[PDB]
Amino acid sequence: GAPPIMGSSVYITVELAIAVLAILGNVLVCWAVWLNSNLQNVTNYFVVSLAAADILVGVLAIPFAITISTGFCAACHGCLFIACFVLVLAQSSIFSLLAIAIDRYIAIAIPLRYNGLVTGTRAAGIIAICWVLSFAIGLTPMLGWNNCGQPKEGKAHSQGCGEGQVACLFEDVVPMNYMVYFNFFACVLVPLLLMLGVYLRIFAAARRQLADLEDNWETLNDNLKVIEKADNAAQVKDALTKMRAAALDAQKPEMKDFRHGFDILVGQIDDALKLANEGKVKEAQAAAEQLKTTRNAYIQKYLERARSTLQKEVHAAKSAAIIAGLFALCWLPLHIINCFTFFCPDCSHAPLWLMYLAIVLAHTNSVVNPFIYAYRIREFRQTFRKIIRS
Ligand SMILES: CC(C)CCC[C@@H](C)[C@H]1CC[C@H]2[C@@H]3CC=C4C[C@@H](O)CC[C@]4(C)[C@H]3CC[C@]12C
Ligand SMILES: CC(C)CCC[C@@H](C)[C@H]1CC[C@H]2[C@@H]3CC=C4C[C@@H](O)CC[C@]4(C)[C@H]3CC[C@]12C
Ligand SMILES: CC(C)CCC[C@@H](C)[C@H]1CC[C@H]2[C@@H]3CC=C4C[C@@H](O)CC[C@]4(C)[C@H]3CC[C@]12C
Ligand SMILES: CC(C)CCC[C@@H](C)[C@H]1CC[C@H]2[C@@H]3CC=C4C[C@@H](O)CC[C@]4(C)[C@H]3CC[C@]12C
Ligand SMILES: CCCCCCCC/C=C/CCCCCCCC(=O)OC[C@H](O)CO
Ligand SMILES: CCCCCCCC/C=C\CCCCCCCC(=O)OC[C@H](O)CO
Ligand SMILES: Nc1nc(NCCc2ccc(O)cc2)nc2nc(-c3ccco3)nn12
Ligand SMILES: CCCCCCCC/C=C/CCCCCCCC(=O)O
Ligand SMILES: CCCCCCCC/C=C/CCCCCCCC(=O)O
Ligand SMILES: CCCCCCCC/C=C/CCCCCCCC(=O)O
Ligand SMILES: CCCCCCCC/C=C/CCCCCCCC(=O)O
Ligand SMILES: CCCCCCCC/C=C\CCCCCCCC(=O)O
Ligand SMILES: CCCCCCCC/C=C\CCCCCCCC(=O)O
Ligand SMILES: CCCCCCCC/C=C\CCCCCCCC(=O)O
Ligand SMILES: CCCCCCCC/C=C\CCCCCCCC(=O)O
Ligand SMILES: CCCCCCCC/C=C\CCCCCCCC(=O)O
Ligand SMILES: CCCCCCCC/C=C\CCCCCCCC(=O)O
Ligand SMILES: CCCCCCCC/C=C\CCCCCCCC(=O)O
Ligand SMILES: CCCCCCCC/C=C\CCCCCCCC(=O)O
Ligand SMILES: CCCCCCCC/C=C\CCCCCCCC(=O)O
Ligand code: NA
């Protein structure tokens with residue numbers, strides 16, 4: 001039995017290293033949003049709430065985790081607070097991650113009502129509400145779902161604890177049925193699966209909208225060819241009728257030129273339709289050839305801009321999804337071990353070294369988001385560079 005202070009020293013040193021890095025990187029995130037107005041939008045207010053949770057992992061939850069690893073004598077309800085506060089921060093992170101996903105879904109599904117629906121003022125009230133809910137969920141053991149009524153009195157006496165005190169150890173005070181059914185299944189797993197469903201909807205909506213843009217374009221170019229090889233006024237008329245509906249369909253500084261572009265296009269379709277309906281096939285076909293000028297000078301530019309805007313939303317949603325996936329990857333090992341402890345009382349408990357490895361992996365999640373923003377989001381990377389240089 002090696003002196004406990006040796007493995008303790010390794011664990012604590014690693015925790016302190018993670019705390020340092022979590023504070024530094026997430027303070028940098030908050031400083032970038034505060035300073036750069038191109039980063040001040042509703043999405044990034046949830047990003048800052050998430051960075052605040054991660055700063056508090058470094059400032060409070062890691063010092064608390066170091067403390068509870070010692071099994072020090074404590075009043076049981078004080079022990080519960082330092083065991084459960086990290087659950088508040090994890091719960092807050094979950095709400096922020098779900099909000100980021102929903103925000104991006106609203107942006108890609110209804111971009112015309114996004115700015116009217118999702119405002120800074122409503123985001124700050126959602127954030128406040130979510131922090132209150134996170135305290136209620138993470139500190140639910142303090143409302144009475146705890147093991148303080150059944151203290152491990154032999155362990156308390158062996159350590160010389162005083163009356164009313166327990167050896168402060170996570171699995172002695174926090175019930176495992178709370179950890180598995182309430183904290184993990186209800187409060188973590190279900191929101192993460194909801195997030196997964198929202199991201200699937202985002203990527204499907206993007207794929208569908210890019211397919212629609214390409215379809216409208218091909219319909220435009222195919223019907224031009226229909227008109228070119230029609231042999232009567234009625235065929236020209238039918239192809240132009242369709243083109244007119246599609247152009248109006250697609251019509252739903254750069255905005256002035258693209259509105260001007262579609263105005264010309266509808267006007268030119270209308271000129272060609274009138275000629276067709278007068279039975280003037282050749283005149284109608286020549287009028288339709290003028291549509292190629294508008295297609296080259298305006299419609300193609302609209303198509304390329306619309307595509308590039310959707311491709312940026314896909315890239316941005318992938319970045320946010322990577323962050324949600326990394327939260328799941330860093331926290332799942334600990335939840336899964338708790339499931340074994342709880343559901344398999346005939347299995348030997350996960351060994352101590354694995355418990356602490358899973359705890360430090362969960363804490364490491366508070367380090368990683370600044371790196372994802374730096375690597376995947378030019379505007380953050382550039383603001384980070386400017387802050388670090390100045
Ligand atoms: C806003 C921030 C800076 C304040 C942080 C206050 C923290 C450190 C305080 C608030 C409540 C305190 C706990 C309340 C009661 C107990 C039980 C006692 O037997 C041992 C200490 C212990 C477990 C305290 C540890 C320190 C503690 C967690
Ligand atoms: C989220 C991804 C990375 C999956 C991680 C899976 C990890 C957490 C799984 C894979 C194999 C698992 C171990 C398999 C066997 C045992 C022996 C049993 O007596 C205690 C639980 C314990 C020690 C399990 C702990 C959880 C475990 C380590
Ligand atoms: C989408 C995925 C990641 C959801 C997470 C799946 C979790 C809930 C699954 C993955 C592996 C599962 C464990 C695999 C094996 C055992 C040992 C058995 O004696 C009791 C149940 C128990 C302990 C399972 C509990 C639930 C479990 C931890
Ligand atoms: C990508 C890198 C950082 C992952 C690091 C994984 C390391 C830290 C993990 C993987 C295997 C683990 C070891 C596996 C077995 C034991 C034996 C045990 O009696 C003491 C702890 C010890 C020695 C573990 C310490 C932590 C450990 C070394
Ligand atoms: C964003 C990237 C992730 C951030 C990562 C933050 C820091 C984590 C590194 C820790 C290694 C520290 C050295 C650990 C060496 C210990 C080896 C050892 O001897 O283990 C003893 C054993 O555990 C006794 O039981
Ligand atoms: C023995 C003790 C039992 C205790 C059981 C506790 C139940 C938790 C309930 C409320 C905590 C509220 C905490 C305050 C949350 C602050 C929210 C906030 O500051 O949000 C900022 C906002 O973003 C600005 O725009
Ligand atoms: N099971 C558990 N244990 C601990 N710490 C104690 C590790 C341990 C477990 C058993 C033992 O005999 C001695 C120590 N922290 C823990 N944190 C969590 C957690 C937080 C969020 C999800 O799970 N679970 N968890
Ligand atoms: C896509 C779905 C993702 C996962 C959702 C469902 C998770 C359900 C997990 C259930 C594990 C229940 C384990 C019960 C073990 C009983 C042990 C015993 O009876 O001795
Ligand atoms: C993503 C899901 C992956 C699932 C992996 C396979 C899980 C099925 C394994 C069940 C293992 C059951 C082992 C229980 C052993 C102890 C039984 C006992 O003595 O009570
Ligand atoms: C996706 C992960 C898949 C990993 C491999 C899955 C295989 C898991 C196998 C579990 C076998 C458990 C055997 C337990 C024997 C116990 C003896 C007994 O209880 O009588
Ligand atoms: C992503 C899901 C991965 C979850 C882990 C999958 C591996 C599941 C294997 C479990 C094996 C449990 C072995 C039982 C050990 C004790 C046997 C006994 O005492 O009866
Ligand atoms: C994944 C991030 C890097 C992880 C490196 C892991 C090394 C440190 C973590 C665990 C080592 C095990 C030491 C635990 C000793 C028991 C703790 C205690 O009882 O005080
Ligand atoms: C860029 C570097 C910034 C500062 C990095 C600091 C990294 C080291 C952090 C913590 C190490 C503390 C070591 C204390 C050992 C105590 C173990 C014990 O008390 O038993
Ligand atoms: C000094 C005592 C108070 C400590 C409270 C710490 C809470 C977490 C720290 C910072 C989170 C709030 C930072 C928000 C600043 C940026 C806001 C914005 O980007 O518009
Ligand atoms: C335990 C003592 C400290 C506990 C602090 C917990 C409360 C955290 C409160 C605020 C951090 C959230 C900051 C969110 C800023 C986003 C709002 C916005 O940008 O408009
Ligand atoms: C806060 C996020 C939203 C919460 C939604 C919760 C919906 C409920 C989902 C999962 C709860 C899991 C219930 C498992 C019950 C088994 C209990 C038992 O048999 O002892
Ligand atoms: C959707 C995420 C998880 C699904 C929500 C519901 C939770 C999983 C479904 C059933 C789990 C029930 C586990 C309890 C079985 C008996 C427990 C026991 O005997 O100890
Ligand atoms: C499109 C590639 C351009 C390369 C530079 C990147 C510019 C910005 C790109 C995407 C913005 C990503 C926004 C994702 C929201 C993150 C929210 C979160 O999950 O925390
Ligand atoms: C419990 C685990 C759930 C974790 C949720 C993590 C967030 C989901 C992340 C990615 C899912 C989306 C995968 C589909 C990719 C399509 C991309 C594309 O069309 O270009
Ligand atoms: C990112 C990597 C994801 C990998 C998920 C799966 C990891 C677990 C895989 C194998 C572990 C299986 C251990 C089975 C132990 C059986 C012990 C026994 O029989 O008692
Ligand atoms: Na977090």
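Throughout, numbering of the chain's residues begins at 1 and tracks the sequence. Atoms within each ligand, like the ligands themselves, are counted from 1 in listed order. Scope of the values below: all heavy atoms of this structure, side chains included, with no hydrogens, waters or symmetry mates.
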Nearest to [atom], what protein heavy atom do you find, and at what distance?
{"atom": "atom 5 (C) of ligand 6", "value": "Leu143 CD2, 4.0 Å"}
{"atom": "atom 9 (C) of ligand 4", "value": "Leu357 CD2, 4.0 Å"}
{"atom": "atom 2 (C) of ligand 6", "value": "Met142 CE, 4.0 Å"}
{"atom": "atom 20 (O) of ligand 14", "value": "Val33 CG1, 4.3 Å"}
{"atom": "atom 7 (C) of ligand 14", "value": "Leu56 CD2, 4.3 Å"}
{"atom": "atom 20 (O) of ligand 6", "value": "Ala128 CA, 3.9 Å"}
{"atom": "atom 11 (C) of ligand 6", "value": "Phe135 CB, 3.7 Å"}
{"atom": "atom 12 (C) of ligand 4", "value": "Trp353 CZ3, 3.8 Å"}
{"atom": "atom 11 (C) of ligand 14", "value": "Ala52 CB, 3.5 Å"}
{"atom": "atom 25 (O) of ligand 6", "value": "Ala124 CB, 3.9 Å"}
{"atom": "atom 4 (C) of ligand 6", "value": "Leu139 CD1, 4.6 Å"}

Between [X] and [Y], what is the shortest heavy-atom contact and its length?
{"X": "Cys79", "Y": "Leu169", "result": "SG-N, 4.1 Å"}
{"X": "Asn26", "Y": "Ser366", "result": "ND2-O, 2.7 Å"}
{"X": "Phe258", "Y": "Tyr298", "result": "CE2-O, 3.5 Å"}
{"X": "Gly149", "Y": "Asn146", "result": "N-OD1, 4.1 Å"}

Answer yes if a protein heavy atom lies under 4.0 Å from [atom], otherwise answer no.
{"atom": "atom 5 (C) of ligand 14", "value": "no"}
{"atom": "atom 24 (C) of ligand 4", "value": "yes"}
{"atom": "atom 14 (C) of ligand 14", "value": "yes"}
{"atom": "atom 6 (C) of ligand 4", "value": "no"}
{"atom": "atom 8 (C) of ligand 6", "value": "yes"}
{"atom": "atom 18 (C) of ligand 4", "value": "yes"}

Q: Output, in order, the C-alpha distance, side-chain angles, deciding distance and verdict of salt bridge (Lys or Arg N to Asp or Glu O under 4.0 Å) for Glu228 and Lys292.
A: CA-CA 12 Å; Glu228 273 154 9; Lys292 287 175 178 166; 2.6 Å; yes
Q | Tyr373 ring center near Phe384 ring center (under 6.0 Å) | A |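 No, the ring centres sit 6.0 Å or more apart.
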Q: Give a yes or no on whether the ring-centroid distance for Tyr302 and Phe262 is below 6.0 angstrom.
A: yes
Q: Check each atom of ligand 6 against the heavy atoms of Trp131 and keep those under 4.0 Å away; list them by number with element.
A: 17 (C)
Q.
Closer than 4.0 Å to some heavy atom of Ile127 - which atoms of ligand 6 meet that?
A.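 By the 4.0 Å cutoff, the relevant atoms are 23 (O).
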Q. In the single-linkage hydrophobic clustering (I, L, V, M, F, W, Y; side-chain heavy atoms under 4.5 Å), do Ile100 and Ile110 co-cluster?
A.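 In one cluster: yes.
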Q: May I ask you to check if the distance between the SG atoms of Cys73 and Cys168 is under 2.5 Å?
A: no
Q: Using only the SG atoms, establish whether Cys347 and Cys344 come within less than 2.5 Å of one another.
A: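 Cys347 pairs with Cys344 as a disulfide (SG atoms under 2.5 Å apart), so yes.
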**Q.** N-O pairing of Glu254 and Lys301 below 4.0 Å
**A.**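 Here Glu254 does not pair with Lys301 in a salt bridge, since their nearest N and O are not under 4.0 Å apart.
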Q) Can you check side chain to side chain donor-acceptor pair (under 3.5 Å) on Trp31 and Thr383, steps first, answer last? A) CA-CA 9 Å; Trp31 200 219; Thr383 311; over 6 Å; no
